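S.K.: Could you have a look at this structure, given as structure tokens, before my questions?
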Amino acid sequence: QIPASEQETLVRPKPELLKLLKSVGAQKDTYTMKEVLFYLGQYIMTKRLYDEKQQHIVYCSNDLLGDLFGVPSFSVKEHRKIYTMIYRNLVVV
Ligand SMILES: O=C(NCCN1CCOCC1)c1[nH]c2cc(Cl)ccc2c1-c1c(-c2ccccc2)ncn1Cc1ccc(Cl)cc1
């Protein structure tokens, strides 16, 4: 869904997203988009933000992730929409 060159973009997360990433064990200040997505996956999983009944839906309202993304929920199947929400929260190197 996302071009390989775009997945490999080096990015510098803003303070709030960086805190989220470091909370799930991220050890760096710069990442590829691919790596950012991994740790966001890690976060959603550990906090069980996915719906138990509809496991492709993430309810991020009232959580740090919802504050970052600006939505109450989203589907994990919509990759372009996810990238769009993330870009607000980082600076390209
Ligand atoms: O890193 C992630 N997944 C790798 C491990 N997966 C476990 C489930 O089966 C697919 C592989 C991964 N990282 C994510 C980050 C977000 Cl914000 C949203 C979803 C994901 C996933 C993910 C998930 C998922 C679902 C529920 C709870 C947690 C994660 N399913 C498939 N993917 C892949 C993916 C979706 C959208 C985008 Cl753009 C990029 C990648």
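Identifiers for the structure tokens are assigned positionally: chains receive A, B, ... in sequence, residues are indexed from 1 per chain, and ligands are indexed from 1 in the order shown.
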Using only C-alpha atoms and all ligand atoms, find each residue of chain A with at least one atom at most 12 Å away from an atom of ligand 1; report its shortest atom-to-atom pair and that distance in Å (one decimal), sort the rows by chain and rising residue number, and return the result as JSON lines.

M.R.:
{"residue": "A:1", "atom": "CA", "partner": "ligand 1", "partner_atom_place_in_ligand_line": "38 (Cl)", "distance": 8.2}
{"residue": "A:2", "atom": "CA", "partner": "ligand 1", "partner_atom_place_in_ligand_line": "38 (Cl)", "distance": 7.7}
{"residue": "A:3", "atom": "CA", "partner": "ligand 1", "partner_atom_place_in_ligand_line": "38 (Cl)", "distance": 11.2}
{"residue": "A:4", "atom": "CA", "partner": "ligand 1", "partner_atom_place_in_ligand_line": "39 (C)", "distance": 11.9}
{"residue": "A:6", "atom": "CA", "partner": "ligand 1", "partner_atom_place_in_ligand_line": "38 (Cl)", "distance": 11.3}
{"residue": "A:7", "atom": "CA", "partner": "ligand 1", "partner_atom_place_in_ligand_line": "39 (C)", "distance": 9.3}
{"residue": "A:17", "atom": "CA", "partner": "ligand 1", "partner_atom_place_in_ligand_line": "17 (Cl)", "distance": 11.5}
{"residue": "A:20", "atom": "CA", "partner": "ligand 1", "partner_atom_place_in_ligand_line": "17 (Cl)", "distance": 11.8}
{"residue": "A:21", "atom": "CA", "partner": "ligand 1", "partner_atom_place_in_ligand_line": "15 (C)", "distance": 11.3}
{"residue": "A:33", "atom": "CA", "partner": "ligand 1", "partner_atom_place_in_ligand_line": "38 (Cl)", "distance": 9.3}
{"residue": "A:34", "atom": "CA", "partner": "ligand 1", "partner_atom_place_in_ligand_line": "39 (C)", "distance": 7.7}
{"residue": "A:35", "atom": "CA", "partner": "ligand 1", "partner_atom_place_in_ligand_line": "1 (O)", "distance": 8.1}
{"residue": "A:36", "atom": "CA", "partner": "ligand 1", "partner_atom_place_in_ligand_line": "15 (C)", "distance": 7.9}
{"residue": "A:37", "atom": "CA", "partner": "ligand 1", "partner_atom_place_in_ligand_line": "13 (N)", "distance": 4.5}
{"residue": "A:38", "atom": "CA", "partner": "ligand 1", "partner_atom_place_in_ligand_line": "1 (O)", "distance": 3.6}
{"residue": "A:39", "atom": "CA", "partner": "ligand 1", "partner_atom_place_in_ligand_line": "1 (O)", "distance": 6.7}
{"residue": "A:40", "atom": "CA", "partner": "ligand 1", "partner_atom_place_in_ligand_line": "15 (C)", "distance": 4.5}
{"residue": "A:41", "atom": "CA", "partner": "ligand 1", "partner_atom_place_in_ligand_line": "13 (N)", "distance": 3.3}
{"residue": "A:42", "atom": "CA", "partner": "ligand 1", "partner_atom_place_in_ligand_line": "28 (C)", "distance": 6.6}
{"residue": "A:43", "atom": "CA", "partner": "ligand 1", "partner_atom_place_in_ligand_line": "28 (C)", "distance": 7.5}
{"residue": "A:44", "atom": "CA", "partner": "ligand 1", "partner_atom_place_in_ligand_line": "28 (C)", "distance": 5.0}
{"residue": "A:45", "atom": "CA", "partner": "ligand 1", "partner_atom_place_in_ligand_line": "28 (C)", "distance": 4.7}
{"residue": "A:46", "atom": "CA", "partner": "ligand 1", "partner_atom_place_in_ligand_line": "28 (C)", "distance": 8.5}
{"residue": "A:47", "atom": "CA", "partner": "ligand 1", "partner_atom_place_in_ligand_line": "27 (C)", "distance": 9.3}
{"residue": "A:48", "atom": "CA", "partner": "ligand 1", "partner_atom_place_in_ligand_line": "27 (C)", "distance": 7.2}
{"residue": "A:49", "atom": "CA", "partner": "ligand 1", "partner_atom_place_in_ligand_line": "27 (C)", "distance": 7.1}
{"residue": "A:50", "atom": "CA", "partner": "ligand 1", "partner_atom_place_in_ligand_line": "27 (C)", "distance": 5.4}
{"residue": "A:51", "atom": "CA", "partner": "ligand 1", "partner_atom_place_in_ligand_line": "26 (C)", "distance": 8.4}
{"residue": "A:52", "atom": "CA", "partner": "ligand 1", "partner_atom_place_in_ligand_line": "26 (C)", "distance": 9.8}
{"residue": "A:53", "atom": "CA", "partner": "ligand 1", "partner_atom_place_in_ligand_line": "26 (C)", "distance": 11.8}
{"residue": "A:54", "atom": "CA", "partner": "ligand 1", "partner_atom_place_in_ligand_line": "26 (C)", "distance": 9.7}
{"residue": "A:55", "atom": "CA", "partner": "ligand 1", "partner_atom_place_in_ligand_line": "26 (C)", "distance": 6.2}
{"residue": "A:56", "atom": "CA", "partner": "ligand 1", "partner_atom_place_in_ligand_line": "25 (C)", "distance": 5.8}
{"residue": "A:57", "atom": "CA", "partner": "ligand 1", "partner_atom_place_in_ligand_line": "26 (C)", "distance": 7.4}
{"residue": "A:58", "atom": "CA", "partner": "ligand 1", "partner_atom_place_in_ligand_line": "26 (C)", "distance": 6.9}
{"residue": "A:59", "atom": "CA", "partner": "ligand 1", "partner_atom_place_in_ligand_line": "27 (C)", "distance": 10.3}
{"residue": "A:60", "atom": "CA", "partner": "ligand 1", "partner_atom_place_in_ligand_line": "17 (Cl)", "distance": 9.7}
{"residue": "A:65", "atom": "CA", "partner": "ligand 1", "partner_atom_place_in_ligand_line": "17 (Cl)", "distance": 8.4}
{"residue": "A:66", "atom": "CA", "partner": "ligand 1", "partner_atom_place_in_ligand_line": "17 (Cl)", "distance": 10.1}
{"residue": "A:68", "atom": "CA", "partner": "ligand 1", "partner_atom_place_in_ligand_line": "17 (Cl)", "distance": 10.4}
{"residue": "A:69", "atom": "CA", "partner": "ligand 1", "partner_atom_place_in_ligand_line": "17 (Cl)", "distance": 8.8}
{"residue": "A:71", "atom": "CA", "partner": "ligand 1", "partner_atom_place_in_ligand_line": "17 (Cl)", "distance": 11.6}
{"residue": "A:73", "atom": "CA", "partner": "ligand 1", "partner_atom_place_in_ligand_line": "17 (Cl)", "distance": 10.6}
{"residue": "A:74", "atom": "CA", "partner": "ligand 1", "partner_atom_place_in_ligand_line": "18 (C)", "distance": 8.5}
{"residue": "A:75", "atom": "CA", "partner": "ligand 1", "partner_atom_place_in_ligand_line": "18 (C)", "distance": 7.7}
{"residue": "A:76", "atom": "CA", "partner": "ligand 1", "partner_atom_place_in_ligand_line": "19 (C)", "distance": 4.6}
{"residue": "A:77", "atom": "CA", "partner": "ligand 1", "partner_atom_place_in_ligand_line": "36 (C)", "distance": 5.9}
{"residue": "A:78", "atom": "CA", "partner": "ligand 1", "partner_atom_place_in_ligand_line": "36 (C)", "distance": 6.5}
{"residue": "A:79", "atom": "CA", "partner": "ligand 1", "partner_atom_place_in_ligand_line": "38 (Cl)", "distance": 3.7}
{"residue": "A:80", "atom": "CA", "partner": "ligand 1", "partner_atom_place_in_ligand_line": "38 (Cl)", "distance": 6.4}
{"residue": "A:81", "atom": "CA", "partner": "ligand 1", "partner_atom_place_in_ligand_line": "38 (Cl)", "distance": 7.5}
{"residue": "A:82", "atom": "CA", "partner": "ligand 1", "partner_atom_place_in_ligand_line": "38 (Cl)", "distance": 5.0}
{"residue": "A:83", "atom": "CA", "partner": "ligand 1", "partner_atom_place_in_ligand_line": "38 (Cl)", "distance": 5.8}
{"residue": "A:84", "atom": "CA", "partner": "ligand 1", "partner_atom_place_in_ligand_line": "38 (Cl)", "distance": 9.1}
{"residue": "A:85", "atom": "CA", "partner": "ligand 1", "partner_atom_place_in_ligand_line": "17 (Cl)", "distance": 8.6}
{"residue": "A:86", "atom": "CA", "partner": "ligand 1", "partner_atom_place_in_ligand_line": "17 (Cl)", "distance": 7.8}
{"residue": "A:87", "atom": "CA", "partner": "ligand 1", "partner_atom_place_in_ligand_line": "38 (Cl)", "distance": 11.4}

S.K.: Where does DSSP see helix (DSSP H, G or I) in stretch 6-38 of chain A, if you list the residues as number ranges by chain?

M.R.: A: 6-7, 15-23, 33-38

S.K.: What does the distance from atom CA of residue A:9 to atom CA of residue A:62 come to in Å, to one decimal?

M.R.: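 Distance reported for this atom pair: 29.3 Å.
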
S.K.: Find the residue from A:70, A:64, A:5, A:11 that sits nearest to residue A:23; use only C-alpha atoms when measuring.

M.R.: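 Smallest separation from residue A:23 among the options: A:64.
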
S.K.: Can you list, as a list in words, every residue of chain A that DSSP puts in strand (DSSP E or B)?

M.R.: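 Everything in chain A that counts as strand (DSSP E or B) is residues 10, 11, 12, 13, 31, 32, 50, 57, 58, 59, 73, 74, 75, 90, 91 and 92 of chain A.
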
S.K.: Just how far from atom CA of residue A:12 is atom CA of residue A:30, in Å to one decimal?

M.R.: 4.8 Å
